[PDB]
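Report on the structure given below.
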Amino acid sequence: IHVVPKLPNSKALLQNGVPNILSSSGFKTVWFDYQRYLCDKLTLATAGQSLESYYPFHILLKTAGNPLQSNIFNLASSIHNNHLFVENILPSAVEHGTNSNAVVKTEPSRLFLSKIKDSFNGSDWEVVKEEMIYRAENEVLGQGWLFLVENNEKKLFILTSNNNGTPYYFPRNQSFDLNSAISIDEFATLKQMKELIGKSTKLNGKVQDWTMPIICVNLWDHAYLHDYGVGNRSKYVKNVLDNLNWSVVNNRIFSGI
Amino acid sequence: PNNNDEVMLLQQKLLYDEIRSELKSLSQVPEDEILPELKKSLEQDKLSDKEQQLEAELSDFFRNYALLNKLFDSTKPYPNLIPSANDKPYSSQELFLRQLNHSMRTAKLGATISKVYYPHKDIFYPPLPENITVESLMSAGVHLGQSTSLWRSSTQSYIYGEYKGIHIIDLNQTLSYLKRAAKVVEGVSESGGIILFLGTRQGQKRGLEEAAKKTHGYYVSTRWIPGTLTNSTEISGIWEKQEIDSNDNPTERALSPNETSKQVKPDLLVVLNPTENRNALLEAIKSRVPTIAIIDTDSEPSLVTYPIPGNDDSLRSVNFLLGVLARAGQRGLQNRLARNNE
Amino acid sequence: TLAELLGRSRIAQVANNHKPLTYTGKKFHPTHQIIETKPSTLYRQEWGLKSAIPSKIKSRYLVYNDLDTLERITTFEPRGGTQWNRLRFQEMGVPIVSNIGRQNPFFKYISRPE
Amino acid sequence: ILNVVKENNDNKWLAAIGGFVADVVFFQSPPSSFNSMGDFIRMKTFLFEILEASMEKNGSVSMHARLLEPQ
Amino acid sequence: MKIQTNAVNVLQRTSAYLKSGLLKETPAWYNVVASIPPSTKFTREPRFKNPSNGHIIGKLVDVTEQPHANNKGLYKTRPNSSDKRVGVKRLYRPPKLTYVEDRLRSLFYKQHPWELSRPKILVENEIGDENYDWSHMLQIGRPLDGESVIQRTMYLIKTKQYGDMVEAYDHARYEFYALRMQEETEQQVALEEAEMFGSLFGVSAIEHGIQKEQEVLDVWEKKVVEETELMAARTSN
Amino acid sequence: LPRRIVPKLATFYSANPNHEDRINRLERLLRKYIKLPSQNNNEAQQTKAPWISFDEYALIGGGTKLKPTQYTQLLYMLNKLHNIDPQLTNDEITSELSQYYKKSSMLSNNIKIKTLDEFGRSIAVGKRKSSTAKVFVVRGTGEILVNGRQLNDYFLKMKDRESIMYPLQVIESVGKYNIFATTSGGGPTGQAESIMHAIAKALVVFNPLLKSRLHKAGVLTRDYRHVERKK
Amino acid sequence: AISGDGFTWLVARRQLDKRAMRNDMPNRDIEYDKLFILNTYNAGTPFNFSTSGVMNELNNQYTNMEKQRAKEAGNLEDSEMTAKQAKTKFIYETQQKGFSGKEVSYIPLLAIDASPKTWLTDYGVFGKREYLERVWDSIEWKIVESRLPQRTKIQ
Ligand SMILES: [Mg+2]
């Protein structure tokens, strides 16, 4: 059985929500209700099978290449992504429930701000945030996820997913919406991806991708509607990126010590 | 906040690589190119009061830590990683360490897993004998006996019934026998006796080794040499013995050859697969060594002092019963070491 | 009681089957329940049966008849290939239709004495 | 395609599609690879269209296909 | 094999060694075994009830308990030959455990042969943790399968909502069909929705089968050719 | 306080307690470091595997009890730990593996890099049957002298001349070197092939990358055959 | 089943795959062969006439562009790029053909919204099925019957 992880300072979260982003009701929808909804569905889908003993991140990797396990993949991807989002927007990862700590001033580290300049042609963090807000509004028509990811070449770049698209495995990033029209450049990207997946010799037709997320923003209606409303998702993404927990985001960047 | 501290080192580390790289560049250049021109400069130069300071400070600094020194004497993890340049992509080793970082923090985000059986935990987290239930025994498959066609009718009193062509062992009796056997292991462990764990079926070694480790006992997983107990001087006399205190620490006292040839008999023998270890069981009888064994429906109960009715064919059932006995021994060992402290 | 627990055990859930494990006639549907073991349990020859399956078996799927026999072996075949036939049918996305236009057997229809 | 000659007494050949044996109906003619390959016709993969799938009382599935040929 | 005596009497044989002086030092196990005596009866025990179905073992129905005529129309006035044979053996033979659920399980998989193709894991997690409310078929912790139907049928007959087992079984079967149809659609739609957002898959199930068949059909081609050449030469004889 | 005598090794009652204890120690390391990746230079076939001999391991692994299959099992685990990526290895693994390396490392090697002399000449000696040859190879234009005499004068058989040219033909450098060959003993065939062997050994100094091609052609192998007194 | 935004449509296939004088007779062209259910995701349309072939058309541009760059490089085609592109194109076409022709259109008759925007406010995270149950009990079948084309009684 997959159970909803306990979050630090949960009593505060159930009373005052997440300050500057979500209210108490908004946080109950995104985490206490939706995470319960996902875990229960995952348990029903995977109970009695070998996947029941694997954590959601491993399930999505195991099932990423199986077309008829997409339902399990979607549930595992959403569960992993949601706790990635709830973790970097959380007031404090440490449990100051008995310490009553009210001073958590976390700021981008030097390694993060050094990789931002290197990967964005000298753009500042503030400018990159504006690009992230723009990318979310123009690339995610409906539900999806906004990620700041790091690849095998030490370069930070922006990835957006539609519905439950994993950042780890490019064949399942779901960054192109094929319901609408696509340019010849987008079709070239899809065609090149298909060729890479066909070069793999494995009988499971799987490729190697070492991309890892650094920041996760939930763009689903379960996270913003109640507090922001239809059409105000760009005000929600702005608040999330301005009140990130950088103790968690800094730890996600590999330092090498 | 303190990143600069590491940055200060990395700066020196980079500088050191630069100095070494161009030290090797000058190792290729012929001496005829550098030496004569270098000497000529000195022939055209005059030492100054300051220059002379280093003329003798370096002579001693090099006659103290290079010539008149002792060449020998009578970030710790992964200290041999060769980091890649900040412009170059991650190396294979760095990607492995980058994945290990992800595995500790992120890889387990999203959900926790409850009420799922993990095979390794039977060996490393065995329950205490008092917390064992019929359900737990049944989950491990201890109730599944042999085919009714292979029944050894001397086990009749342990049988709960037959189902799907096999005899079902009565777990209520298994639990009572298991508790009695566990108390014996704890008693012998708390008394300082030698406990030997014998099992020669494939896959049992891991359980046998850990059981011996946590009870400070002994195990045999490969083959019981016929005569190990009755012919001990011809088989085990050559191997080394040691003296230990009440805390099981080696005293270090050298042993007289008289003390190193004497038979060292186990105080208790635990047998996972008695049907294939008749030799050991008979030697235990001859040597008056109490024995514990898992007795399946085709196994003779009277050949052992303390039988435990149960499936002996499944590694889960065997490791579950072995784990319980091993933890009972551990508690006896911990109670003996505690009474010595106080 | 132990008897109540046994009736609900996972081994009890598998219906008794003595059909030949090696059948050379016409096969129209699965005849044996596929048993699956997880990778961790396979590493320890644990399948939830009475005895350990021989380590030679590398598949994670088998079909069996008897937990134990007079020959002191399990009667099993290390194959689970009827599941791939069902999943390949699902991938073809062709619904099964009645050539006689009968009522759908999976719906509780109000039938009459026609 | 399993056989290089239609099922005897039947106007349809047999194909092996997805772990099931189906009855393949050809548009008009049989592709020339049949005569060429002969009894090794099963060594090659063709594209088929699944017309309908029925269930018989014996518990079998009656799958009808159509040998889509490049045109 | 004879009931052994020397394995359970190690304490008594050892005590004779110590009392006589043949053994100077008491063994470490000696005190432990003395406090925890071995069981040494090794007897066959009678049993008077089948634990599975509660059937009484060892009860003889006397002619006084059969006053009415039988199915043949005859009264029973004397014990029959079976009643006059001693039946002590039945007290000692391990009872055959039976369950009504076994009959339904065989029926379910006879009616739905392809349910067998859904892999089942026999390795238990913890039987003691199962907290199931069989008012509904779905349960957190276990898959939806044939056993879900059987347990639902038992709950219906246990709560007396239905009287006949067949009626309860049919009611449970339809609940099972509804849940199976909702899952068949969730998987089809999930695949369709993913492809519409740019999901790419290396090998499908159909493709996997084709590749495996090619590997076998290639070895078969070689052998056929080889054995169609030995025949030609051997037949030439 | 009370003291007792107990078996030293947990494997005391096994057939070979000493071997099983050592295997257990190595198995613990392979379990603790199961994740560490292995060398990708293993494909490059790194030439390093100096493990102690079966007889040397018998001093520490049970003596007579030691079985060949037990020694094979020790090597499969020593190599697996040794083949862990050097960057990602730790001290614990190396400490355990140190005890199993041949102690020949105590001393040093007896090979000094060969180099051209003051006049750019590579000097090598070759032997065939009872004949010996000392050749001087220098960069030139294909001039050859045998004992101060022209090649066609000293060696009358064209097959002997072709044998001398073969090593230069393998490296396609027949017109790139001048050879001054001096030979003594045996007959024409022994001397010609002794010169052949010596030229091949002298050509490796000019380009050590061509040694593998010379070895594959068979010109760097000393022919052992000699006249055998009938027995 | 729809996870995010989308619509479940009750459609009616148009039996006018001829394409000759198409959309010229509001009755002869408004004829439905069979009804179907179709799912659209995000801003997808249920018509299928204005968006079919899109991938095939873009696929043929990509191959031609790659084939023209190959000619500049000077390559001798390939062993299986002409047989793989051909198969990819042959399947793309055979999967979009109609019973007679390749003009398959659909007439929207009903549409149920799956977007969480519709049902999250009143029914909550766990009440999508409750929403869909009340939606079925809230459909005015008069409006749907009105949209229904006239049956194509070619039979
Ligand atoms: Mg047994």
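Note on naming: chains are A, B, ... as they come in the structure tokens, residues start from 1 per chain, ligands start from 1 in the order shown.
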
Write out as a ChimeraX atom specification all residues of segment 91-121 of chain G that DSSP puts in strand (DSSP E or B) for this structure's backbone.
/G:106,110-113

Write as a VMD selection string the residues around ligand 1, taking 8 Å as the cut-off and counting only C-alpha atoms and all ligand atoms.
(chain B and resid 145 to 146 273 275 295 to 299 311 to 313) or (chain C and resid 51)

So the first atom is atom CA of residue 95 of chain A and the second is atom CA of residue 247 of chain A; what is the distance between them in Å, to one decimal place?
13.4 Å

Exercise answer, chain C residues close to chain A, 8 Å and only C-alpha atoms, as an mmCIF file with N, CA, C and O atoms, in the first residue's frame:
```cif
data_model
loop_
_atom_site.group_PDB
_atom_site.id
_atom_site.type_symbol
_atom_site.label_atom_id
_atom_site.label_comp_id
_atom_site.auth_asym_id
_atom_site.auth_seq_id
_atom_site.Cartn_x
_atom_site.Cartn_y
_atom_site.Cartn_z
ATOM 1 N N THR C 37 6.436 -14.160 -9.330
ATOM 2 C CA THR C 37 7.245 -13.807 -8.177
ATOM 3 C C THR C 37 7.996 -12.516 -8.473
ATOM 4 O O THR C 37 8.403 -12.263 -9.609
ATOM 5 N N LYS C 38 8.174 -11.700 -7.440
ATOM 6 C CA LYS C 38 8.906 -10.459 -7.591
ATOM 7 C C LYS C 38 10.396 -10.743 -7.774
ATOM 8 O O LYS C 38 10.877 -11.826 -7.436
ATOM 9 N N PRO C 39 11.149 -9.782 -8.317
ATOM 10 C CA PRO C 39 12.595 -10.007 -8.477
ATOM 11 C C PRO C 39 13.314 -10.317 -7.175
ATOM 12 O O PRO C 39 14.215 -11.163 -7.158
ATOM 13 N N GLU C 91 -3.986 -4.505 -27.262
ATOM 14 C CA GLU C 91 -3.322 -3.492 -28.074
ATOM 15 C C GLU C 91 -3.949 -3.377 -29.456
ATOM 16 O O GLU C 91 -3.870 -2.314 -30.081
#
```

Quick one: residues within 12 Å of residue 26 of chain G, only C-alpha atoms counted, chain neighbours fewer than 5 positions away excluded, as a PyMOL selection string?
chain G and resi 16+21+31+149-150

Emit the selected residues as an mmCIF file, in the first residue's frame, including N, CA and C atoms.
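Output below, filename again-v2.cif:
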```cif
data_model
loop_
_atom_site.group_PDB
_atom_site.id
_atom_site.type_symbol
_atom_site.label_atom_id
_atom_site.label_comp_id
_atom_site.auth_asym_id
_atom_site.auth_seq_id
_atom_site.Cartn_x
_atom_site.Cartn_y
_atom_site.Cartn_z
ATOM 1 N N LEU G 16 -20.598 10.654 -46.273
ATOM 2 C CA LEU G 16 -20.343 11.422 -47.484
ATOM 3 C C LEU G 16 -18.831 11.468 -47.722
ATOM 4 N N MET G 21 -18.944 17.273 -54.808
ATOM 5 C CA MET G 21 -20.040 18.183 -54.475
ATOM 6 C C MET G 21 -20.329 18.171 -52.976
ATOM 7 N N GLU G 31 -26.135 13.041 -43.562
ATOM 8 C CA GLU G 31 -26.585 11.673 -43.350
ATOM 9 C C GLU G 31 -25.550 10.954 -42.498
ATOM 10 N N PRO G 149 -28.322 13.715 -37.299
ATOM 11 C CA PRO G 149 -28.621 13.673 -38.735
ATOM 12 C C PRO G 149 -29.629 12.582 -39.060
ATOM 13 N N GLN G 150 -30.042 12.564 -40.323
ATOM 14 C CA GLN G 150 -30.950 11.541 -40.818
ATOM 15 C C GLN G 150 -30.153 10.307 -41.219
#
```

Close residues, residue 50 of chain C itself excluded, 12 Å, only C-alpha atoms, min 3 positions apart in chain, as an MDAnalysis selection string
(chainID B and resid 138:147 163:169 296 310:318) or (chainID C and resid 11 45:47 53 64 66:69 72:75) or (chainID E and resid 122:123)

Near chain B, 8 Å: chain F residue rows, closest pairs, only C-alpha atoms, as CSV:
```
residue,atom,partner,partner_atom,distance
F:1,CA,B:246,CA,5.4
F:2,CA,B:246,CA,5.7
F:3,CA,B:245,CA,4.6
F:4,CA,B:243,CA,5.6
F:5,CA,B:243,CA,4.4
F:6,CA,B:242,CA,5.5
F:7,CA,B:241,CA,4.4
F:8,CA,B:241,CA,4.9
F:9,CA,B:240,CA,7.7
F:10,CA,B:218,CA,4.5
F:11,CA,B:219,CA,6.0
F:12,CA,B:239,CA,7.0
F:13,CA,B:220,CA,6.3
F:14,CA,B:220,CA,5.3
F:15,CA,B:225,CA,6.6
F:17,CA,B:239,CA,7.5
F:37,CA,B:96,CA,7.9
F:86,CA,B:80,CA,7.2
F:87,CA,B:80,CA,4.5
F:88,CA,B:78,CA,5.4
F:89,CA,B:78,CA,6.7
F:90,CA,B:78,CA,6.4
```

Write out as a Markdown table the residues of chain E that have any atom within 9 Å of an atom of chain G, one row each with the nearest atom pair and its distance in Å to one decimal, counting only C-alpha atoms, sorted by chain and then rising number.
```
| residue | atom | partner | partner_atom | distance |
| --- | --- | --- | --- | --- |
| E:182 | CA | G:1 | CA | 8.1 |
| E:183 | CA | G:1 | CA | 8.7 |
| E:185 | CA | G:1 | CA | 6.6 |
| E:186 | CA | G:1 | CA | 4.7 |
| E:187 | CA | G:1 | CA | 8.0 |
| E:188 | CA | G:1 | CA | 8.7 |
| E:189 | CA | G:1 | CA | 6.1 |
| E:190 | CA | G:1 | CA | 7.0 |
| E:193 | CA | G:41 | CA | 7.1 |
| E:196 | CA | G:41 | CA | 7.8 |
| E:197 | CA | G:41 | CA | 8.9 |
```

Proximity check chain D to chain E, 12 Å, nearest pairs one decimal Å, only C-alpha atoms, as JSON lines:
```
{"residue": "D:2", "atom": "CA", "partner": "E:217", "partner_atom": "CA", "distance": 11.5}
{"residue": "D:16", "atom": "CA", "partner": "E:210", "partner_atom": "CA", "distance": 9.8}
{"residue": "D:17", "atom": "CA", "partner": "E:206", "partner_atom": "CA", "distance": 8.3}
{"residue": "D:18", "atom": "CA", "partner": "E:206", "partner_atom": "CA", "distance": 5.7}
{"residue": "D:19", "atom": "CA", "partner": "E:209", "partner_atom": "CA", "distance": 7.8}
{"residue": "D:20", "atom": "CA", "partner": "E:206", "partner_atom": "CA", "distance": 11.2}
{"residue": "D:39", "atom": "CA", "partner": "E:221", "partner_atom": "CA", "distance": 10.4}
{"residue": "D:40", "atom": "CA", "partner": "E:221", "partner_atom": "CA", "distance": 7.8}
{"residue": "D:41", "atom": "CA", "partner": "E:217", "partner_atom": "CA", "distance": 10.8}
{"residue": "D:42", "atom": "CA", "partner": "E:217", "partner_atom": "CA", "distance": 8.0}
{"residue": "D:43", "atom": "CA", "partner": "E:217", "partner_atom": "CA", "distance": 6.4}
{"residue": "D:44", "atom": "CA", "partner": "E:214", "partner_atom": "CA", "distance": 8.6}
{"residue": "D:45", "atom": "CA", "partner": "E:210", "partner_atom": "CA", "distance": 8.2}
{"residue": "D:46", "atom": "CA", "partner": "E:210", "partner_atom": "CA", "distance": 10.8}
{"residue": "D:47", "atom": "CA", "partner": "E:210", "partner_atom": "CA", "distance": 11.9}
{"residue": "D:57", "atom": "CA", "partner": "E:111", "partner_atom": "CA", "distance": 11.4}
{"residue": "D:58", "atom": "CA", "partner": "E:113", "partner_atom": "CA", "distance": 11.3}
{"residue": "D:59", "atom": "CA", "partner": "E:113", "partner_atom": "CA", "distance": 8.3}
{"residue": "D:60", "atom": "CA", "partner": "E:113", "partner_atom": "CA", "distance": 10.7}
{"residue": "D:61", "atom": "CA", "partner": "E:114", "partner_atom": "CA", "distance": 11.7}
```

Give me every helix (DSSP H, G or I) residue in segment 82-257 of chain B, going by DSSP on the backbone, as an NGL selection string.
:B and (92-105 or 121-124 or 129-131 or 134-139 or 148-150 or 153-158 or 171-191 or 205-215 or 232-234 or 257)

With a distance threshold of 10 Å and counting only C-alpha atoms, extract the residues of chain A near chain E and express them as a VMD selection string.
chain A and resid 1 to 2 40 to 50 52 64 to 74 161 to 165 170 to 180 190 193 to 200 202 to 207

Counting only C-alpha atoms, which residues of chain A fall within 6 Å of chain B, and what is the closest atom pair for each with its distance in Å at one decimal, ordered by chain and rising number, as a tab-separated table?
```
residue	atom	partner	partner_atom	distance
A:1	CA	B:114	CA	5.3
A:2	CA	B:113	CA	4.8
A:3	CA	B:112	CA	5.1
A:4	CA	B:111	CA	5.2
A:5	CA	B:111	CA	5.3
A:57	CA	B:107	CA	5.8
A:79	CA	B:110	CA	4.9
A:80	CA	B:110	CA	4.4
A:83	CA	B:110	CA	5.0
A:153	CA	B:89	CA	4.1
A:254	CA	B:98	CA	5.7
A:257	CA	B:75	CA	5.7
```

Written selection (N, CA and C atoms) as a PDB file, in the first residue's frame:
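What landed in selection_4.pdb:
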```
ATOM      1  N   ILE A   1       0.854  -1.220   0.000  1.00  0.00           N
ATOM      2  CA  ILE A   1       0.000   0.000   0.000  1.00  0.00           C
ATOM      3  C   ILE A   1       0.872   1.245   0.000  1.00  0.00           C
ATOM      4  N   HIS A   2       0.587   2.159  -0.922  1.00  0.00           N
ATOM      5  CA  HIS A   2       1.269   3.445  -0.980  1.00  0.00           C
ATOM      6  C   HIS A   2       0.502   4.451  -0.130  1.00  0.00           C
ATOM      7  N   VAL A   3       1.183   5.035   0.850  1.00  0.00           N
ATOM      8  CA  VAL A   3       0.566   5.952   1.793  1.00  0.00           C
ATOM      9  C   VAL A   3       1.111   7.352   1.547  1.00  0.00           C
ATOM     10  N   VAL A   4       0.321   8.346   1.928  1.00  0.00           N
ATOM     11  CA  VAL A   4       0.709   9.742   1.726  1.00  0.00           C
ATOM     12  C   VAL A   4       1.810  10.092   2.724  1.00  0.00           C
ATOM     13  N   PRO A   5       2.964  10.586   2.275  1.00  0.00           N
ATOM     14  CA  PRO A   5       4.033  10.907   3.224  1.00  0.00           C
ATOM     15  C   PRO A   5       3.607  11.994   4.198  1.00  0.00           C
ATOM     16  N   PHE A  57       8.872   6.814  -7.859  1.00  0.00           N
ATOM     17  CA  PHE A  57       9.897   7.197  -8.824  1.00  0.00           C
ATOM     18  C   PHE A  57      10.411   5.989  -9.596  1.00  0.00           C
ATOM     19  N   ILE A  79       2.360  11.467  -8.562  1.00  0.00           N
ATOM     20  CA  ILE A  79       2.662  11.363  -7.137  1.00  0.00           C
ATOM     21  C   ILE A  79       4.068  11.876  -6.856  1.00  0.00           C
ATOM     22  N   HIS A  80       5.036  11.472  -7.680  1.00  0.00           N
ATOM     23  CA  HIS A  80       6.403  11.945  -7.501  1.00  0.00           C
ATOM     24  C   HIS A  80       6.502  13.446  -7.747  1.00  0.00           C
ATOM     25  N   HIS A  83       4.970  15.683  -4.832  1.00  0.00           N
ATOM     26  CA  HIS A  83       5.813  15.821  -3.652  1.00  0.00           C
ATOM     27  C   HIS A  83       7.104  16.566  -3.958  1.00  0.00           C
ATOM     28  N   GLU A 153      25.065  17.684 -19.172  1.00  0.00           N
ATOM     29  CA  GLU A 153      26.087  18.648 -19.557  1.00  0.00           C
ATOM     30  C   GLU A 153      26.175  19.828 -18.599  1.00  0.00           C
ATOM     31  N   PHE A 254      23.877  18.930  -7.792  1.00  0.00           N
ATOM     32  CA  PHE A 254      25.026  18.125  -7.402  1.00  0.00           C
ATOM     33  C   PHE A 254      26.267  19.000  -7.290  1.00  0.00           C
ATOM     34  N   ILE A 257      31.092  16.621  -3.306  1.00  0.00           N
ATOM     35  CA  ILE A 257      31.950  16.622  -2.126  1.00  0.00           C
ATOM     36  C   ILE A 257      31.758  15.318  -1.365  1.00  0.00           C
TER      37      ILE A 257
END
```

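The environment of residue 11 of chain A within 10 Å, counting only C-alpha atoms and disregarding residues fewer than 5 places along the same chain, consists of residues 16, 17 and 97 of chain A.
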
Could you turn the residues from that selection into a file that holds N, CA and C atoms, as a short mmCIF file (atom, residue, chain, number, x, y, z; two decimals), in the first residue's frame?
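Below is the file part-v6.cif, written as the result:
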```cif
data_model
loop_
_atom_site.label_atom_id
_atom_site.label_comp_id
_atom_site.auth_asym_id
_atom_site.auth_seq_id
_atom_site.Cartn_x
_atom_site.Cartn_y
_atom_site.Cartn_z
N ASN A 16 -2.78 27.32 8.55
CA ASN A 16 -2.46 28.55 7.84
C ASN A 16 -1.95 28.29 6.43
N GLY A 17 -2.15 27.08 5.91
CA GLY A 17 -1.69 26.75 4.58
C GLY A 17 -0.22 27.05 4.39
N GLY A 97 8.34 22.23 14.80
CA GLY A 97 7.06 22.27 15.49
C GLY A 97 7.23 22.54 16.98
#
```

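Of the residues listed (C:104, C:99, C:1, C:9), C:99 shows the shortest atom-to-atom separation from chain D; distances use only C-alpha atoms.
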
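Minimum distance to chain G across A:93, A:38, A:103, A:84 (counting only C-alpha atoms) occurs at A:38.
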
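Residues with any atom within 12 Å of residue 54 of chain E, counting only C-alpha atoms and excluding same-chain neighbours fewer than 6 positions away, are residues 1, 3 and 4 of chain C; 47, 48, 95, 96, 97, 98 and 99 of chain E.
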
Define the interface residues of chain C facing chain D as those within 7 Å, counting only C-alpha atoms, and report them as a VMD selection string.
chain C and resid 28 to 29 85 88 to 89 94 to 99

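Residues with any atom within 8 Å of residue 174 of chain E, counting only C-alpha atoms and excluding same-chain neighbours fewer than 3 positions away, are residues 106, 107 and 108 of chain C; 170, 171, 177 and 178 of chain E.
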
Expected file contents, prior selection, N, CA and C atoms, as a PDB file, in the first residue's frame:
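This is the output file out29.pdb:
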```pdb
ATOM      1  N   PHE C 106     -22.156  -9.291 -19.842  1.00  0.00           N
ATOM      2  CA  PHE C 106     -21.619  -8.554 -18.709  1.00  0.00           C
ATOM      3  C   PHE C 106     -22.575  -7.483 -18.198  1.00  0.00           C
ATOM      4  N   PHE C 107     -23.794  -7.428 -18.724  1.00  0.00           N
ATOM      5  CA  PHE C 107     -24.806  -6.482 -18.284  1.00  0.00           C
ATOM      6  C   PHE C 107     -26.027  -7.241 -17.786  1.00  0.00           C
ATOM      7  N   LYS C 108     -26.610  -6.759 -16.688  1.00  0.00           N
ATOM      8  CA  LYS C 108     -27.770  -7.403 -16.076  1.00  0.00           C
ATOM      9  C   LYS C 108     -29.023  -6.944 -16.817  1.00  0.00           C
TER      10      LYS C 108
ATOM     11  N   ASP E 170     -23.971 -14.489  -8.762  1.00  0.00           N
ATOM     12  CA  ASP E 170     -24.274 -13.677  -9.937  1.00  0.00           C
ATOM     13  C   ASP E 170     -24.213 -12.192  -9.608  1.00  0.00           C
ATOM     14  N   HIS E 171     -24.727 -11.802  -8.441  1.00  0.00           N
ATOM     15  CA  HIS E 171     -24.677 -10.399  -8.045  1.00  0.00           C
ATOM     16  C   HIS E 171     -23.234  -9.918  -7.950  1.00  0.00           C
ATOM     17  N   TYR E 177     -17.713  -7.297 -13.269  1.00  0.00           N
ATOM     18  CA  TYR E 177     -17.684  -6.836 -14.653  1.00  0.00           C
ATOM     19  C   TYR E 177     -17.603  -5.316 -14.726  1.00  0.00           C
ATOM     20  N   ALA E 178     -18.352  -4.622 -13.867  1.00  0.00           N
ATOM     21  CA  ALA E 178     -18.336  -3.163 -13.883  1.00  0.00           C
ATOM     22  C   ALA E 178     -16.945  -2.628 -13.565  1.00  0.00           C
TER      23      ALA E 178
END
```
